[PDB]
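Asker: Structure for the following, please:
(7 chains)
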Amino acid sequence: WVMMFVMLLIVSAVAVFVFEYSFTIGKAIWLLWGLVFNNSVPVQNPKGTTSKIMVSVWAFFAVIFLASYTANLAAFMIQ
Amino acid sequence: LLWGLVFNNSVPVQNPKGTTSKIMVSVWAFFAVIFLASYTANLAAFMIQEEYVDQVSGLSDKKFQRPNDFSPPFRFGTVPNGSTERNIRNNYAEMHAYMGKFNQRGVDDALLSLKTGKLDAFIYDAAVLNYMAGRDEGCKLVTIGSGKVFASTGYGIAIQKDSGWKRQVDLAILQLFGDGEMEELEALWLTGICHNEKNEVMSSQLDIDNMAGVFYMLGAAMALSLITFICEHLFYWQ
Amino acid sequence: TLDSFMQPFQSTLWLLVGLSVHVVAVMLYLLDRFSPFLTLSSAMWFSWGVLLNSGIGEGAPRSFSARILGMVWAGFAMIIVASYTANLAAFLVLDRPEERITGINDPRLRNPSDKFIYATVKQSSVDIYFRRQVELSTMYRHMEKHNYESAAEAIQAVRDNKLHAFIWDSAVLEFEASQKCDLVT
Amino acid sequence: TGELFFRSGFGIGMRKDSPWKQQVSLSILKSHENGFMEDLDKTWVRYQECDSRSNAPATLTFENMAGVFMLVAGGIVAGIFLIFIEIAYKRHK
Amino acid sequence: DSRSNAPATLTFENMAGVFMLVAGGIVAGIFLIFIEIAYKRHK
Amino acid sequence: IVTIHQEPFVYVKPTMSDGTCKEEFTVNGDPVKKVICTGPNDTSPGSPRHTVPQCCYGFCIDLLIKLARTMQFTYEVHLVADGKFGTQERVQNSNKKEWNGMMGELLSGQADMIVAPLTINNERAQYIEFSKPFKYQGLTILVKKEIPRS
Amino acid sequence: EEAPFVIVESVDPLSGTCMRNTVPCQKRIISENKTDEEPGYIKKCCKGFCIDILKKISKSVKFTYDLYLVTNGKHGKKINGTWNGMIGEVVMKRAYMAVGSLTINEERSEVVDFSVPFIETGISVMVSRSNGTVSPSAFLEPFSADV
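Answerer: Numbers count the residues shown, from 1 in each chain, chains lettered A, B, ... in the order given. The relevant structure is shown in the block below.
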């Protein structure tokens, strides 16, 4: 949990700072947080391409995370 | 929009401006969520109950009769200079001529060859194979069931010719069956531990041939897309 | 006891899905550039965003054939994700092994084998009980070559993974299990 | 379903002393060693009109899921009622 | 006094895959930003 | 010959109005060899105590055909009198003790051989002579199948 | 000697005799080639499956017996119009009986008599279990055709 939290923080900060030179750190963190909880809250997408690749990799990671979490939760309730 | 709302919300959409339409699409999204949850639950329940797929007919199967007119040639054999070899030679000439290439040297050697994948099947006596299968390490080996067995016979007790004692021992053996002691002996000495081993489910790892269905679906969809494009072009050209 | 990425899916299947989405991108692009009445970059962005579920890119097909092909690709991505989740849940729920030998009449313990070792205390009541029984002659002959000196060494060797099963009385074993929460009878 | 028990085979009966007894006792062995019995079995017994492995999973029917359909029908009727209330509130303001 | 516990929890080393993948993605992204500024300077 | 009615082994069907039963063929087209059957009436020998000529066919029928062919003799079959395999009939009947059913008819002298799915036991083989087994059937259970549902 | 039917062993070294629940079988030993040797019997302990049936028969009907292993080759063979092994020993009987893993066929039954078999056998196939599959048409399986 703390690993993925600090990783979200580092990824968001590095992304915005490096590949963003109105897209501040708050909206970036909000987007990178919403992308892990199924994509329910609205977000504000960037205008670049490398930031798009970064958030796509993050969305893939979040999908894998959610799949593993759901699998383990379904396995837990049967024992 | 109403189609995208059912497939997790992946494609972009264009939301309306009203409120009752918003309530309608919200109810539809709830229905789609319930649908997806039930589908995922049933799909996860489905993949945990697949096992026990292996069966053969007998000595009249296409695999034994026609080795070449099929998949890459099947393999089956046994040791020569035996009663089973003499019987299969007096019965199936072509089968023996084919299986002569895969002649093994023993029983444990043939079992090891089957375990290593060098041989595809094994044809030997029923009793010894049943014993070696029920009393082996692990329960991965199993026969093809009693079913139909060519040259079905049993193990008798040789007695001198014209001996009157035969009548007595016949009634004795029959009383052994009638009392149930023979069943106890067969369960103690012959019946192994793998006889009461249920099927063990496992994971198939989802090979390529499994998604052949959705691959063919996508191919047919692309074909229909091309057909509809051609039809629309023809209809709009005039 | 599983692998992160390539446990429920084959790498060749990953490559097949990648080639499929790469082809579908160009197929969606051409359907607009070759029809009367599609920004290949934006088309590929849409094709990648539909599969990975990412909310990036603002593009939608304006044709009809492209639209139905995009709907089919969205359905394909959905069923792929569903099958992935189902297989992962099945493999994660069917990977909880526990031997927990039942007792004396267990098949592993009824017949001697080299993959399962067990011992007792030599010159004790257990030796007499095993020597007096005829049904367990094989088990006695097998255990004869593994007898230990006393319980003090046997209990210490059990936790060292040197042995696999040990037999004693009820009170001593229960007290050793209770006063040391490492093994359970 | 089940395992076999008291596996006793059939046989041809006859009187206490007759040459036909030994004649049949030899002819049956010859037929068994030849293959006639296997042909008779595959002809008159091995019908094999149904071969289906065990199917553990159960499919979902339509009546079991009529809930979402009833819910969406109620949603539609409540939506037309809400459109009435909505035009009423719009006319109010 | 502890009842039987059948489920197994997921550790960190077992899921290091996504972390390695996202690190590779970040380094490929900085390389792609180099290629991107190069292509921008080209046109 | 004496034979009992068992569908998987010995089929029994009434003959046509001509006097025999209509011939037919198998799935491949081979002619199913049948034989005339002289037994009791349709329901039972109780009320309609008549010997109506029927025709029989099945596994044991062709087995007996092949046996008579290889042994080169003639035969005249007839059904069982009471409709039972055979058992001991212990009545007080001080001067009476014998078998009933098909076994009783055989011991009485109605026929010589028994071509029927008869089992082998101690008391059965104790009196009469048996042959080598031509089949191996062990007892089993039967339950109904219900298709699962949600 | 048969692995699942007639297993031979040695006497117990702690007692120099055979253990309980065993039958003392006199294993014939003929090794001297230059001169025929005296009656050679080695105290062996035979046990298995057929041995239990033989013991139960000897307990049911009253008779005495003393087994001895076969000499050469195998149980049955009809080379040179003559039998060897157990069947060849039964030809010039000198034993009046024969037991073990013997098969029944036309020739051996026309030569010597046979009792009722106590176990069934025959030609049987042997294969190894294969891993299961998924029924690759399963992507549309967990749902009714009307829904």
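Asker: if I pick the nearest residue to residue G:130 once chain neighbours are set aside, what's in contact with it?
Answerer: If the residues on either side of it in the chain are set aside, residue G:130 comes closest to residue B:54, at 5.3 Å by C-beta to C-beta, 6 or more residues apart in numbering or on different chains. C-beta coordinates here come from the backbone N, C-alpha and C atoms, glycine included. For residue B:54, the contact set (C-beta atoms under 8 Å, 6 or more residues apart in numbering or on different chains) comprises G:127, G:129, G:130.
Asker: Distance-wise, check residue B:54 relative to residue G:129.
Answerer: Per C-beta to C-beta, to the nearest Å, residue B:54 is found 6 Å from residue G:129.
Asker: what's around residue C:40, how many residues?
Answerer: 14 (other C-beta atoms under 10 Å in any protein chain shown).
Asker: ok, it touching residue C:29?
Answerer: Yes. Between residue C:40 and residue C:29 there is a contact under C-beta atoms under 8 Å: 4.5 Å.
Asker: now the helices for the chain?
Answerer: In the absence of a named chain, this looks at chain A. Listed in chain order, the helices found in chain A under DSSP state H are A:2-19, A:25-34, A:50-76.
Asker: nope, chain C
Answerer: C:11-33, C:40-52, C:65-93, C:107-110, C:125-132, C:137-143, C:151-159, C:170-178.
Asker: contact partners of the fourth one?
Answerer: To tie it back to what came earlier, the one meant is helix C:107-110. Residues contacting helix C:107-110 (C-beta under 8 Å, 6+ apart): B:193, C:99, C:101, C:103, C:104, C:116, C:118, C:139, C:165.
Asker: what's the longest strand in chain G?
Answerer: Longest strand in chain G by number of residues (criterion: DSSP state E): strand G:41-48.
Asker: Does it reach chain B?
Answerer: Yes. Shown here: strand G:41-48 in contact with chain B (C-beta under 8 Å from any C-beta of the partner chain) through residue G:48.
Asker: how about the CA coordinates for that strand, as CSV?
Answerer: Only the C-alpha atoms of strand G:41-48 are listed here, as CSV (Å, rounded to 0.1, in the frame of the first residue of the first chain):
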residue,chain,number,x,y,z
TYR,G,41,15.8,-77.4,-1.2
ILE,G,42,16.4,-73.9,0.1
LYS,G,43,14.1,-72.7,2.9
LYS,G,44,12.2,-69.8,1.4
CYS,G,45,9.1,-67.9,2.5
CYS,G,46,6.6,-67.4,-0.3
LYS,G,47,3.5,-65.1,0.1
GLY,G,48,1.2,-63.1,-2.1
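Asker: helix or strand right after it?
Answerer: helix G:50-60 (DSSP states H and E).
Asker: Show me what that following helix is packed up against.
Answerer: Secondary-structure packing of helix G:50-60 (3 or more C-beta pairs under 8 Å, 6 or more residues apart in numbering or on different chains; DSSP states H and E): helix B:165-179, helix B:181-185, strand G:23-28.
Asker: Try it again at 10 Å.
Answerer: In terms of contacts (3 or more C-beta pairs under 10 Å, 6 or more residues apart in numbering or on different chains; DSSP states H and E), helix G:50-60 is packed against helix B:165-179, helix B:181-185, strand G:6-9, strand G:23-28, strand G:41-48.
Asker: out of those, which comes closest to residue F:12?
Answerer: Nearest to residue F:12, of all the helices and strands packed on helix G:50-60, is helix B:165-179, at 31.3 Å by C-beta to C-beta.
Asker: And the closest one, what's buried?
Answerer: By neighbour count on 16 or more other C-beta atoms under 10 Å in any protein chain shown, the buried set for helix B:165-179 is B:166, B:169, B:170, B:171, B:172, B:173, B:174, B:176, B:177.
Asker: Relative to chain E, which residue of chain D is the closest?
Answerer: When scored by C-beta to the nearest C-beta, chain D has residue D:56 as its residue closest to chain E, at 21.2 Å.
Asker: And for chain F?
Answerer: Relative to chain E, the nearest point of chain F is residue F:148 (26.0 Å; C-beta to the nearest C-beta).
Asker: What is the burial count for residue G:6?
Answerer: 20.
Asker: which secondary structure element contains residue B:129?
Answerer: helix B:126-134.
Asker: helices or strands next to that helix in the packing?
Answerer: helix B:108-116, strand B:122-125, strand B:141-143, strand G:120-121, strand G:123-128.
Asker: Can you name the residues in contact with the third one?
Answerer: The one in question is strand B:141-143. B:54, B:111, B:114-115, B:122, B:126, B:129-130, B:132-134, B:136, B:194-195, B:197, G:124-129 (C-beta atoms under 10 Å, 6 or more residues apart in numbering or on different chains).
Asker: List only buried entries from those.
Answerer: In the contacts of strand B:141-143, the ones that pass as buried (16+ other C-beta under 10 Å) are B:111, B:114, B:122, B:126, B:129-130, B:132-134, B:136, B:194, G:124-129.
Asker: What is the longest helix of chain F by residue count?
Answerer: Longest helix in chain F, counting by DSSP H: helix F:59-71.
Asker: next SSE after that helix?
Answerer: strand F:78-79.
Asker: That following strand pairs with which strands?
Answerer: strand F:2-3 (parallel) (DSSP bridges).
Asker: How far away from the center of its chain is the strand it pairs with?
Answerer: Computed by C-alpha atoms, centre = their mean, to the nearest Å, the chain-centroid distance of strand F:2-3 equals 4 Å.
Asker: Give me the buried stretch members for the helix or strand following it, please.
Answerer: Downstream of strand F:2-3, the next assigned helix or strand under DSSP H and E is strand F:10-13. Neighbour-count burial for strand F:10-13 flags F:10, F:11, F:12 (criterion: 16+ other C-beta under 10 Å).
Asker: Brilliant, that's me finished.
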